[PDB]
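Trainee: Below: the sequence, then the experimentally determined structure.
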Amino acid sequence: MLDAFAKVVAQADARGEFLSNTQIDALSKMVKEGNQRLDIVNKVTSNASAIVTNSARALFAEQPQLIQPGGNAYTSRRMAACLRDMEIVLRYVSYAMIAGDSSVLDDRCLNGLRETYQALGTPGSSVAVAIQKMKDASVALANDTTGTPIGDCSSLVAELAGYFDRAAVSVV
Amino acid sequence: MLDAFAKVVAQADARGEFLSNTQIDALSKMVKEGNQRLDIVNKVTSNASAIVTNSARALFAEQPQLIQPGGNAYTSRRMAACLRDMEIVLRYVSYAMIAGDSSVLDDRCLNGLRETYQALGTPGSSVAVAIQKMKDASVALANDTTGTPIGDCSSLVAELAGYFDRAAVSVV
Amino acid sequence: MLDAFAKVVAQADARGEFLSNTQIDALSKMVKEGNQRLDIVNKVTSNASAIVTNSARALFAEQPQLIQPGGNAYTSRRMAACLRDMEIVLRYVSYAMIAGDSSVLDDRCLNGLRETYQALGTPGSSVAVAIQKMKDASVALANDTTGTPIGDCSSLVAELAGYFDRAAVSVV
Amino acid sequence: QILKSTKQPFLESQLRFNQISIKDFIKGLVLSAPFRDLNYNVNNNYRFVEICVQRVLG
Amino acid sequence: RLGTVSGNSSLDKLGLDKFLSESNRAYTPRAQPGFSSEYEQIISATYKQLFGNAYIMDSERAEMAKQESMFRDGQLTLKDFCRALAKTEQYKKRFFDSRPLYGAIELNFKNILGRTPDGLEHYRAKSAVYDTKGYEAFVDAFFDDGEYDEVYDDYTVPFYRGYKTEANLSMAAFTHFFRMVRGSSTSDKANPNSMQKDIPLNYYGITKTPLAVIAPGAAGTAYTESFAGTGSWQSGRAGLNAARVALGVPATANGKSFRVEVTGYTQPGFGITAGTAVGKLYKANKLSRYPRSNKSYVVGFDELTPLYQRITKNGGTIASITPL
Amino acid sequence: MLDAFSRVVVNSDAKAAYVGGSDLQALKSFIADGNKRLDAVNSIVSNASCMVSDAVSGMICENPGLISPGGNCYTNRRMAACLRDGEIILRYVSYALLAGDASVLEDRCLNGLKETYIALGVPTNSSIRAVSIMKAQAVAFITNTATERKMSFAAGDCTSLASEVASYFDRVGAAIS
Amino acid sequence: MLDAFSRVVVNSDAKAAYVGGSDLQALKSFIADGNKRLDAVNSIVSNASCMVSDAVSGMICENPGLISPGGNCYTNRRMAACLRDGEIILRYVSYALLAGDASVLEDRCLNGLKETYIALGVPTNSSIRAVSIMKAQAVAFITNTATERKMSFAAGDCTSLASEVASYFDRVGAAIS
Amino acid sequence: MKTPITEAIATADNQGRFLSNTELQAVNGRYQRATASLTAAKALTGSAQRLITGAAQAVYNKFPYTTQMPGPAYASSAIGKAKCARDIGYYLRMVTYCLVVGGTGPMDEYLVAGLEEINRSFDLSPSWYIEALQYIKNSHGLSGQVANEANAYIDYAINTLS
Ligand SMILES: C=CC1=C(C)[C@@H](Cc2[nH]c(/C=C3N=C(/C=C4\NC(=O)[C@H](C)[C@H]4CC)C(C)=C\3CCC(=O)O)c(CCC(=O)O)c2C)NC1=O
Ligand SMILES: C=CC1=C(C)[C@@H](Cc2[nH]c(/C=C3N=C(/C=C4\NC(=O)[C@H](C)[C@H]4CC)C(C)=C\3CCC(=O)O)c(CCC(=O)O)c2C)NC1=O
Ligand SMILES: C=CC1=C(C)[C@@H](Cc2[nH]c(/C=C3N=C(/C=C4\NC(=O)[C@H](C)[C@H]4CC)C(C)=C\3CCC(=O)O)c(CCC(=O)O)c2C)NC1=O
Ligand SMILES: C=CC1=C(C)[C@@H](Cc2[nH]c(/C=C3N=C(/C=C4\NC(=O)[C@H](C)[C@H]4CC)C(C)=C\3CCC(=O)O)c(CCC(=O)O)c2C)NC1=O
Ligand SMILES: C=CC1=C(C)[C@@H](Cc2[nH]c(/C=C3N=C(/C=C4\NC(=O)[C@H](C)[C@H]4CC)C(C)=C\3CCC(=O)O)c(CCC(=O)O)c2C)NC1=O
Ligand SMILES: C=CC1=C(C)[C@@H](Cc2[nH]c(/C=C3N=C(/C=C4\NC(=O)[C@H](C)[C@H]4CC)C(C)=C\3CCC(=O)O)c(CCC(=O)O)c2C)NC1=O
Ligand SMILES: C=CC1=C(C)[C@@H](Cc2[nH]c(/C=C3N=C(/C=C4\NC(=O)[C@H](C)[C@H]4CC)C(C)=C\3CCC(=O)O)c(CCC(=O)O)c2C)NC1=O
Ligand SMILES: C=CC1=C(C)[C@@H](Cc2[nH]c(/C=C3N=C(/C=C4\NC(=O)[C@H](C)[C@H]4CC)C(C)=C\3CCC(=O)O)c(CCC(=O)O)c2C)NC1=O
Ligand SMILES: C=CC1=C(C)[C@@H](Cc2[nH]c(/C=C3N=C(/C=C4\NC(=O)[C@H](C)[C@H]4CC)C(C)=C\3CCC(=O)O)c(CCC(=O)O)c2C)NC1=O
Ligand SMILES: C=CC1=C(C)[C@@H](Cc2[nH]c(/C=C3N=C(/C=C4\NC(=O)[C@H](C)[C@H]4CC)C(C)=C\3CCC(=O)O)c(CCC(=O)O)c2C)NC1=O
Ligand SMILES: CCC1=C(C)/C(=C/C2=NC(=C\c3[nH]c(/C=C4\NC(=O)[C@H](C)[C@H]4CC)c(C)c3CCC(=O)O)/C(CCC(=O)O)=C2C)NC1=O
Ligand SMILES: CCC1=C(C)/C(=C/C2=NC(=C\c3[nH]c(/C=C4\NC(=O)[C@H](C)[C@H]4CC)c(C)c3CCC(=O)O)/C(CCC(=O)O)=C2C)NC1=O
Ligand SMILES: CCC1=C(C)/C(=C/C2=NC(=C\c3[nH]c(/C=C4\NC(=O)[C@H](C)[C@H]4CC)c(C)c3CCC(=O)O)/C(CCC(=O)O)=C2C)NC1=O
Ligand SMILES: CCC1=C(C)/C(=C/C2=NC(=C\c3[nH]c(/C=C4\NC(=O)[C@H](C)[C@H]4CC)c(C)c3CCC(=O)O)/C(CCC(=O)O)=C2C)NC1=O
């Protein structure tokens, strides 16, 4: 897979030249968020069970179809199949957030997810709410500076929530 | 696999409710005929190589174009693979005799069997006429009054025909 | 994997008769020209990379967008993998030259090779040029009279040109 | 043990139809009932690991 | 863009938006003189519709400069006008003479009728006319039947119709229809399953076998497996395609079985350390690990999890997954 | 399409025999039981609007996630299509029982509806819960043990016939499976 | 077919959101400076075929051997298809600008253009080298930074929409990357 | 089908190897014995109806019960004797196919694989076919190295029945 440093080298080889000096100080903004990316990982990797409990607490309440006799997640391995599938949409986003792109997100999780739910009959309607119940649950969880100094992180809140909606449109 | 007791479990698990009392007295009728089930499977598998080779011999008599050179069942590789599939249906029919339903015969042996044969090019009308020899060599085998005491088992021989005609309509 | 001798045997067995007298001297013709066929593949295995690097440097001088930065065969991990495909088809035509037929050639190389070249995004018209860039170099040394006694080897190098032509068709 | 009774004639036909792979064919041979009663009932678990690493992993 | 229940519409994102937006009917019983931007739009609509979005330049449109003018008074459209366009050199250069007889038939149904013929008894009725009564009655075998005189009254333009339940074709003719239609940016030639030199559906159109209906423009839709039948009667080979059936003891050992469809792997990707093993990068016999790509697998429900890992850690993209 | 009368012909064709008296004995008893089957299928097609009523309004109360905004029966075209998709598949088995052969069901619809449905995105477990809700809806009508409407037949026992429409509808559900 | 007026109504019908006036202010920002989109569209569709005039001519000056033997734009037939190949995709760029979504370049063009250009052997590097040339060729009429021409404008910052064409030019090299 | 030519291809394909001087003598040595093996194949073809019916009677002289015992696996009837003459004609045909290709390819594929499934099912004895093949071994009437090639592929068939 390729990363956020690699694509401006992938456009330095497939174009074919040396480095422009406007390509070098565009990477200064990557380390203007470089420490500020690193504590954003602490708001999601220290709360791994915390989001996926608090979201599937909510998701069968307004949508009681999943717990019906004859519903989808009925047996306990299918209910454990929800919890192994709710976290990886957040885990590969957590791989995408330390990366800075969505290459490894598309490589190992997303490409092969619309049709895999359709072959199994698990709905594309409600695997997007499992994105959306953890979408607002990490907008609140990462917007607080408990341990780190105070300034501007108004970019990267529109990047990890710039990756959940990428996972939302790649499944419906 | 499913037998007859595994039917009404899964026919009420999506329904949700418990086992109702009006069904199980039909299922405790089935254990009165439990001793007339196991003789009858013992009648088939004791003669399990005399129903195969007596009906492949009466198949190539009426159809000499299969053992002629350039035929489908010509060589010794494809004669052994003709006696292999003639015994495979004799297993999975008698598996469905002991169980009470068809659902291991047409899930492990008949789910794509004619479309196996359209890809290989074997005459799928002609495997049905070997099976209907084995139907008549086994229904008339399971009406002997030696080895068992007499009594009316006319209800249980229609189930043995009803899976032999289910392989007669699977392969065409 | 058939031979020239095994192809006329397998047509006889599916008809179910012995080999005719017109077929044995058709094969007795084929064995007396054996030392011509042993002298052909001795010429195109004693120059089994001097064909290939001189066919690569012919094509790369002609087509220049292969070596361009951004190219298909630009980098040195896609350069030995270009010289791998140029060296195995010189290998696998020479197996099909010594067999007398080309059912070794299409099944061990060319079955779906233009479908894997579709998946890589490889320009396939230029590799068919490179087989034709290898084809005339292969017959220029087959016609080379050095060290061998002189005779007529006319249709054998038209057979060898037909093996390269069958390779160059089904790669585009 | 390439005897007539130790052959697996239904696993052989599914290889020839390209239904299963070689990796699913080796897995059917260790789980074959001739491999249990001849090579698994007559040694313990610390010798059977020496069989399934010498033959499988090579 | 991908979506089934994304905005309540299942087939606008399958590639049939403009084939369901337009209807292309003409409104006057003769083309009126004076104005030449209202009926030339109908002609260049049909020049992409009948030819299958092929490039007709003006250097060959003026070669065919009679046959549209006699439509403007004297021929009907769809019955006579594209019939006259089907008797051209430009129609005979793309869909008749670079390809076999069945491939000329099975591309003519997409061109003329807007469907795919199922089995061979629909190939029987069309190819009983070429070997007896030439090419001009072969093209006019389509235009005077119940399949043509009912769906279009004679002043529309023949659209695509091989997806609806009123077009009572088959259920397999749906599955061939998205092998033939790859969005609105393809042609007869710019189609990977068959170029102009080839035939689209040789086995599958004859034997009525349905296929994996892949949405076009997806991630890794650059896949089609090749063909070699198996068995010793037809002297075929083994190892090219996974089977379409999944019978046996490995049918229901791991639950319900599936057929996956891998797009393709490379040499960088096999290791779990993000690179290439620097060395000789091969074995001695100089083949790949997957020595031909675009391969497929048959796998049960209880091993879908490590196989979906083992494709996706190695650089393989997945076309679709169909249960067997 | 195959007929049961056609089924004994290709049985007698690769065998290369004539028609004997042996396999004729099945078909002459099929004639006199033809009116009893003719007394069956007329009530299948004349209560068909109830059978497509309870096809789709019954399956939606046991999974209401399709009428939810985002589901697979949410819009009023997919609401219209699910009313329409079920009233063709019982029209086909009404053809299939008069021939007696399931091959007319196979070549027309049951060859390839499964490959469309995961590209049309609909779930198959919802479909077989809607297939089997017409299964017991069918077998009440052939026996006259239906509750709210009881129709005119003769007196006998068509439980050989009532297994046959249950022998069709599982293969309706297994085709989508 | 999507646009930015109806991008929200396929978003809000996951929510079943009767749209109170909070989310509509981006649409009230879309109707605010949509004249700058409109004053750029007339700066595109009047200067349209001179974008493609130096597209392939800019490609062939640095990638010279496509007019060589064994090229791709060798003959007159091979070259004139390429000039309609580039003018189709720039026609389909500017549909998306006045609409406001990324609809039209995906649901018609890149619903199958990756298998198109590998069915013909169209080189994907040279068919993005021209479009990267046509990237910066298409920003200069919006910017009015051109060496040769000036368009009669009003003077503001259209840099939200000067890179929005480059934010359509990125996902035309999504599949043909 | 193993031939000498489709075996040295296979060891060349194992090592990624161009056909060296090692694999050009394995295919040359086939050509120095294709002369003697194709006269033996031409001689056995012409004397087929002498050798088939003569070996079918030499079975019946050694094992006289096969012409006497009732039941379908024996040569006691007209059609029982016709299927026995078909079987030795199947056996003698695969000897001549091996002399063409120079090895035991066509009797491996068309004859030997799956043979013991038949001989146990249809109650046919493998010693009925040794006596038929030991007739053909020392009554073909060949000599020299022409006899050496026909006597190699005859007792390959005896060892896969034994
Ligand atoms: C070595 C591992 C490593 C980490 C675990 C993090 C933690 C971390 N963040 C910052 C530094 C910072 N951290 C933030 C982050 C935030 N402030 C906010 O308002 C947001 C709510 C919150 C994001 C969740 C900001 C804005 C700064 C820079 C301080 C400033 O702007 O003046 C610093 C001080 C050094 C520096 O400036 O880089 C450290 C150690 N960074 C790291 O390098
Ligand atoms: C392990 C193997 C095994 C079996 C196969 C059965 C065999 C079996 N059957 C019967 C007993 C019987 N079995 C039959 C059965 C038949 N008579 C017919 O005419 C038909 C040909 C045939 C059915 C297939 C009848 C009619 C009786 C006596 C009635 C009765 O069971 O009460 C009995 C005596 C005990 C009893 O009456 O139940 C036993 C042991 N039990 C076994 O443990
Ligand atoms: C009376 C005068 C007279 C000659 C000199 C030759 C001249 C000559 N040499 C060769 C051709 C040849 N001649 C030889 C023979 C030899 N090469 C050697 O290095 C060995 C010393 C020698 C004997 C083994 C070989 C090996 C070739 C084939 C090589 C080639 O392609 O020229 C040919 C063509 C075919 C042929 O006839 O052989 C001719 C006409 N012929 C004549 O009529
Ligand atoms: C073990 C490895 C091995 C070899 C490398 C060759 C080498 C070789 N070639 C020939 C013999 C020959 N070689 C050729 C071939 C040719 N002559 C030409 O001038 C053409 C360039 C070329 C055609 C392709 C011919 C034509 C003969 C026979 C000479 C003649 O025509 O009288 C002979 C003499 C005996 C024989 O015919 O076999 C030998 C040993 N043979 C082998 O067994
Ligand atoms: C609405 C969407 C839509 C499109 C995008 C185009 C897509 C398209 N492009 C081509 C076809 C082509 N397009 C190119 C173009 C190029 N190759 C290069 O190397 C250059 C970099 C690049 C020019 C910019 C070439 C060379 C052909 C092939 C023409 C030929 O084969 O002679 C064809 C085949 C038409 C035919 O030949 O009949 C089609 C349908 N058409 C559409 O309807
Ligand atoms: C979930 C919401 C819900 C409904 C929409 C109704 C629909 C409904 N009806 C029946 C069950 C049935 N439905 C019918 C159909 C009919 N009866 C007639 O006589 C008419 C002619 C015809 C049109 C109405 C029949 C015959 C039965 C079987 C019961 C019986 O009458 O014997 C069943 C049980 C079938 C099953 O699920 O296995 C359901 C769910 N009931 C509900 O609980
Ligand atoms: C042989 C009979 C026969 C059919 C079934 C249909 C097969 C079929 N069904 C649908 C299409 C459909 N079919 C259904 C029905 C259902 N989906 C569900 O979720 C429920 C399980 C089930 C109702 C019981 C729905 C909801 C659509 C979607 C319509 C759409 O996508 O616009 C379409 C697409 C129609 C189009 O694109 O125009 C087709 C071809 N045609 C036929 O000839
Ligand atoms: C014009 C339209 C038309 C029809 C409707 C049928 C009418 C019909 N039904 C039956 C006759 C019958 N139908 C049944 C069927 C049944 N009885 C039951 O108890 C079950 C509820 C049900 C299905 C199992 C039975 C048992 C008979 C009597 C046996 C017979 O003679 O067929 C008969 C033969 C006897 C008679 O003349 O009445 C006829 C003609 N045929 C037609 O031509
Ligand atoms: C090797 C040969 C060679 C060429 C053919 C040109 C091709 C070319 N043109 C432009 C770039 C451009 N081309 C145009 C097009 C036009 N300007 C107008 O106003 C006219 C209306 C219209 C036709 C003349 C515009 C507006 C730009 C961007 C700015 C500019 O150069 O004016 C660019 C820069 C794009 C980029 O940055 O990637 C290039 C490489 N350059 C070369 O090196
Ligand atoms: C049918 C044709 C038709 C149109 C195209 C529009 C024409 C149009 N464009 C703008 C207006 C404008 N256009 C620009 C744009 C720019 N200024 C620059 O120098 C930048 C280079 C460029 C930014 C990309 C700006 C800044 C305005 C004024 C702000 C506004 O959009 O209202 C205005 C508003 C000015 C006014 O109120 O009079 C109008 C009416 N109307 C029409 O009837
Ligand atoms: C490599 C990373 C990876 C991905 C992307 C992946 C997808 C994946 N999800 C699966 C199942 C599943 N996924 C779900 C999840 C859901 N269904 C719903 O209705 C809910 C809305 C939703 C969340 C609770 C369920 C219920 C199954 C089991 C399907 C079944 O048994 O019917 C399966 C089948 C095997 C299994 O049960 O795990 C795969 C392969 N698996 C992986 O290992
Ligand atoms: C798990 C259970 C199972 C089923 C259901 C099955 C079907 C099956 N039958 C096959 C072949 C075959 N089946 C037949 C049988 C016949 N053809 C005829 O003409 C006769 C009418 C009939 C014999 C009486 C023949 C001749 C082959 C071809 C063997 C070959 O090509 O090698 C093959 C190809 C592999 C092989 O056996 O060679 C499969 C997979 N195989 C199985 O293992
Ligand atoms: C079993 C025998 C066999 C077949 C059938 C085969 C096809 C094949 N060709 C490949 C690559 C390739 N093939 C080429 C060849 C060319 N590209 C060009 O521009 C030239 C026109 C042409 C030859 C000079 C190149 C450059 C690659 C590497 C592409 C990549 O790695 O993305 C790959 C990818 C893995 C690899 O690096 O080898 C496969 C599987 N490989 C095999 O080992
Ligand atoms: C090419 C490879 C090949 C072989 C070897 C082969 C053998 C073969 N021999 C058979 C029968 C037979 N073979 C014999 C032969 C004999 N019985 C005797 O009494 C004699 C001593 C002896 C002759 C030497 C007889 C009598 C039958 C008929 C058995 C029956 O009808 O049940 C049959 C049963 C079908 C038939 O021919 O009617 C096969 C498949 N088939 C093959 O395709």
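Mentor: Nice, I can see it. Residues are numbered from 1 along each chain as shown, chains lettered A, B, ... in the order given. Ligands and ions are numbered 1, 2, ... in the order given.
Trainee: So which residues of the chain form helices?
Mentor: In the absence of a named chain, chain A is used. Taking DSSP state H as the test, the helices found in chain A are A:7-13, A:28-32, A:34-45, A:48-59, A:76-99, A:103-105, A:114-120, A:129-132, A:136-139, A:157-160, A:164-169.
Trainee: meant chain H, my bad for not saying
Mentor: H:5-14, H:23-26, H:28-31, H:34-46, H:48-62, H:78-101, H:105-107, H:115-121, H:128-137, H:144-159.
Trainee: contacts for the third one?
Mentor: Under the contact criterion C-beta atoms under 8 Å, 6 or more residues apart in numbering or on different chains, helix H:28-31 has outside partners C:31, C:34-35, C:38, H:3-5, H:102. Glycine gets a C-beta too; all of them are placed from N, C-alpha and C.
Trainee: Would you mind giving the secondary structure of residue F:66?
Mentor: Following DSSP: H, G, I helix; E, B strand; the rest coil, we place residue F:66 in the coil state.
Trainee: now the closest residue to it other than its chain neighbours: how far from ligand 1?
Mentor: Nearest non-adjacent residue to residue F:66, counting by C-beta to C-beta, 6 or more residues apart in numbering or on different chains: residue F:73, 3.8 Å away. Per C-beta to the nearest ligand atom, to the nearest Å, residue F:73 is found 43 Å from ligand 1.
Trainee: Just give me the neighbour total for residue F:73.
Mentor: 24 (other C-beta atoms under 10 Å in any protein chain shown).
Trainee: sorry, back to before: mind putting the helices of chain H in JSON lines, mean neighbour count and distance to residue F:39 included?
Mentor: Formatted as JSON lines, the helices of chain H follow (neighbours: other C-beta atoms under 10 Å in any protein chain shown; distance: least, C-beta to C-beta, whole Å):
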{"stretch": "helix H:5-14", "mean neighbour count": "18", "distance to residue F:39": "68"}
{"stretch": "helix H:23-26", "mean neighbour count": "17", "distance to residue F:39": "79"}
{"stretch": "helix H:28-31", "mean neighbour count": "16", "distance to residue F:39": "77"}
{"stretch": "helix H:34-46", "mean neighbour count": "20", "distance to residue F:39": "70"}
{"stretch": "helix H:48-62", "mean neighbour count": "17", "distance to residue F:39": "64"}
{"stretch": "helix H:78-101", "mean neighbour count": "20", "distance to residue F:39": "52"}
{"stretch": "helix H:105-107", "mean neighbour count": "24", "distance to residue F:39": "63"}
{"stretch": "helix H:115-121", "mean neighbour count": "16", "distance to residue F:39": "49"}
{"stretch": "helix H:128-137", "mean neighbour count": "20", "distance to residue F:39": "62"}
{"stretch": "helix H:144-159", "mean neighbour count": "17", "distance to residue F:39": "67"}
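Trainee: closest one to residue B:5 among these?
Mentor: Minimum separation from residue B:5 across the helices of chain H (C-beta to C-beta) falls at helix H:115-121, 37.5 Å.
Trainee: and the residue of the stretch 201-324 of chain E nearest ligand 4?
Mentor: Closest residue of the stretch 201-324 of chain E to ligand 4, C-beta to the nearest ligand atom: residue E:285 (24.3 Å).
Trainee: How many residues are close by that residue?
Mentor: So residue E:285, with other C-beta under 10 Å, has 13 neighbours.
Trainee: Please, which helix or strand holds it?
Mentor: Assigned by DSSP states H and E, residue E:285 belongs to no helix or strand.
Trainee: Hmm, it is touching residue H:12, no?
Mentor: No: between residue E:285 and residue H:12 there is no contact under C-beta atoms under 8 Å: 9.8 Å.
Trainee: ok, longest helix in chain D?
Mentor: Of all the elements of type helix in chain D, the one with the most residues (DSSP H) is helix D:45-54.
Trainee: Keeping just the C-alphas, turn that helix into PDB.
Mentor: As requested, the backbone C-alpha atoms of helix D:45-54 are provided in PDB (Å, rounded to 0.1, in the frame of the first residue of the first chain):
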ATOM      1  CA  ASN D  45       0.400 -36.300  20.100                       C
ATOM      2  CA  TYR D  46       4.100 -35.500  20.300                       C
ATOM      3  CA  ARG D  47       5.000 -38.000  17.500                       C
ATOM      4  CA  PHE D  48       2.000 -37.000  15.300                       C
ATOM      5  CA  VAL D  49       3.300 -33.400  15.200                       C
ATOM      6  CA  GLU D  50       6.600 -34.900  13.900                       C
ATOM      7  CA  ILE D  51       4.500 -36.500  11.100                       C
ATOM      8  CA  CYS D  52       2.500 -33.400  10.200                       C
ATOM      9  CA  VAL D  53       5.500 -31.100  10.000                       C
ATOM     10  CA  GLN D  54       7.800 -33.500   8.000                       C
END
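Trainee: In contact with the residue lying farthest from the centre of chain D: list those residues for me.
Mentor: Outermost residue of chain D with respect to the C-alpha centroid, by C-alpha atoms, centre = their mean, is residue D:17; its distance is 19.4 Å. Under the criterion of C-beta under 8 Å, 6+ apart, the contact list for residue D:17 reads B:116, E:230, E:238, E:243, E:245.
Trainee: For the single nearest residue of chain A relative to ligand 9, which non-adjacent residue is spatially closest?
Mentor: Taking C-beta to the nearest ligand atom as the measure, the point where chain A comes nearest ligand 9 is residue A:15, at 9.4 Å. Spatial nearest neighbour of residue A:15, excluding adjacent residues (C-beta to C-beta, 6+ apart): residue C:70 at 6.6 Å.
Trainee: what are the phi and psi angles of whichever residue of chain H sits closest to ligand 7?
Mentor: Residue nearest to ligand 7 within chain H: residue H:114 (43.6 Å; C-beta to the nearest ligand atom). Phi and psi for residue H:114, reported as degrees, to the nearest 10, are phi 100, psi 10.
Trainee: Tell me how many other residues crowd the residue in chain E positioned nearest to ligand 6.
Mentor: With C-beta to the nearest ligand atom, the shortest gap between chain E and ligand 6 falls at residue E:5, namely 22.4 Å. Using other C-beta under 10 Å, residue E:5 is surrounded by 25 other residues.
Trainee: Residue numbers of chain E in contact with chain G?
Mentor: E:1, E:6-8, E:12-15, E:17-18, E:21, E:55, E:57, E:182-186, E:189-192, E:195, E:215-217, E:221-222 (C-beta under 8 Å from any C-beta of the partner chain).
Trainee: Now the buried members of the contacts of helix H:28-31.
Mentor: Buried members of these, scored by 16 or more other C-beta atoms under 10 Å in any protein chain shown, are C:31, C:34, C:38, H:3-5, H:102.
Trainee: Relative to ligand 2, which of those residues is nearest.
Mentor: Nearest member of the buried ones among the contacts of helix H:28-31 to ligand 2, counting by C-beta to the nearest ligand atom, is residue H:3, at 54.5 Å.
Trainee: ok, residue A:139 touching residue A:157?
Mentor: Yes: applying C-beta under 8 Å, one finds residue A:139 in contact with residue A:157, separated by 6.7 Å.
Trainee: the helices in chain E, which residues?
Mentor: E:18-21, E:40-49, E:58-61, E:69-72, E:81-85, E:89-94, E:101-108, E:121-133, E:136-139, E:172-180, E:203-207, E:304-312.
Trainee: Any part of the last one near chain A?
Mentor: The one in question is helix E:304-312. Yes: using C-beta under 8 Å from any C-beta, helix E:304-312 reaches chain A at E:308, E:311-312.
Trainee: Make JSON lines out of those and add neighbour count and distance to residue H:86.
Mentor: Below are those laid out as JSON lines (neighbours: other C-beta atoms under 10 Å in any protein chain shown; distance: C-beta to C-beta, whole Å):
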{"residue": "E:308", "neighbour count": "19", "distance to residue H:86": "54"}
{"residue": "E:311", "neighbour count": "20", "distance to residue H:86": "52"}
{"residue": "E:312", "neighbour count": "19", "distance to residue H:86": "57"}
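Trainee: Between those, which sits nearest residue C:22?
Mentor: Among the residues of helix E:304-312 next to chain A, and counting by C-beta to C-beta, the member closest to residue C:22 is residue E:311, at 54.4 Å.
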